[PDB]
Number of protein chains: 2
Amino acid sequence: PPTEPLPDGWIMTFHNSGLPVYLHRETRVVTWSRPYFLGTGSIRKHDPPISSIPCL
Amino acid sequence: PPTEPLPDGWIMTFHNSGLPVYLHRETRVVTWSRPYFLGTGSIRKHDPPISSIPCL
């Protein structure tokens with residue numbers, strides 16, 4: 001399956017460590033795992049998109 | 001150093017897989033790594049808080 005697009009307001013860049021980081025520009029919030037839109041999906045039970053799964 | 005608080009609008013819960021997930025309630029956006037407020041820090045050069053570093 002293709003990489004899911006980022007949700008609105010987010011951008012992917014690369015940190016000097018060589019790892020990608022994801023910035024929500026307006027809130028200045030960063031995460032080191034690709035964020036995605038859950039929508040009406042179940043937070044506890046949904047299957048995450050492959051591009052967003054962390055190690056494990 | 002203590003765990004950094006989540007930014008506004010975010011909540012940590014646990015996915016059925018046993019891993020934590022972080023939900024921004026209003027946008028329905030999820031990430032699997034703890035988000036944090038970067039503020040005036042440099043996106044490329046800042047040192048991330050320990051609780052937000054992914055595997056590696």
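Below, chain A is the first sequence line, B the second, and so on; all start at residue 1. Just so you know, these numbers use all the heavy atoms, side chains as well, and skip hydrogens, waters and symmetry mates.
- Interface residue A/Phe14: only backbone heavy atoms are found under 4.5 Å from chain B.
- A/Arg44 and B/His15 make their closest contact through O-CD2, 3.1 Å (heavy atoms, listed as atom of the first residue, atom of the second, distance).
- Put simply, NE2 on B/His24 and OG1 on B/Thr31 are 12.5 Å apart, with the number rounded to the nearest 0.5 Å.
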Report all side-chain donor-acceptor pairs from residues 45-55 of chain A shorter than 3.5 Å, counting only partners two or more places apart or in another chain.
{"from": "A/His46", "atom 1": "ND1", "to": "A/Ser42", "atom 2": "O", "distance (Å)": "2.9"}
{"from": "A/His46", "atom 1": "ND1", "to": "A/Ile43", "atom 2": "O", "distance (Å)": "3.2"}
{"from": "A/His46", "atom 1": "NE2", "to": "A/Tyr36", "atom 2": "OH", "distance (Å)": "2.5"}
{"from": "A/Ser52", "atom 1": "OG", "to": "A/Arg34", "atom 2": "O", "distance (Å)": "2.7"}

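- For A/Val29, the parts lying near chain B are the backbone and the side chain together; criterion is any non-hydrogen pair under 4.5 Å.
- Cluster membership check: B/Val21 shares its hydrophobic cluster with A/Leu38, using side-chain heavy-atom separations under 4.5 Å among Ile, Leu, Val, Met, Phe, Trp and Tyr.
- Among the residues in residues 3-10 of chain B, those with a non-hydrogen atom closer than 4.5 angstrom to a non-hydrogen atom of chain A are B/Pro7, B/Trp10.
- Of all heavy-atom pairs spanning B/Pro20 and B/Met12, the tightest one is CB-CE, 3.5 Å.
- Within 6.0 Å of CD1 on B/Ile11 lie no more than 12 heavy atoms contributed by other residues, nucleotides or ligands.
- B/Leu23 and A/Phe37 fall into different hydrophobic clusters, where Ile, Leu, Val, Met, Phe, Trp and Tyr are joined by side-chain heavy atoms under 4.5 Å apart, directly or via other members.
- Residue B/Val30 touches chain A through both its backbone and its side chain, counting heavy-atom pairs closer than 4.5 Å.
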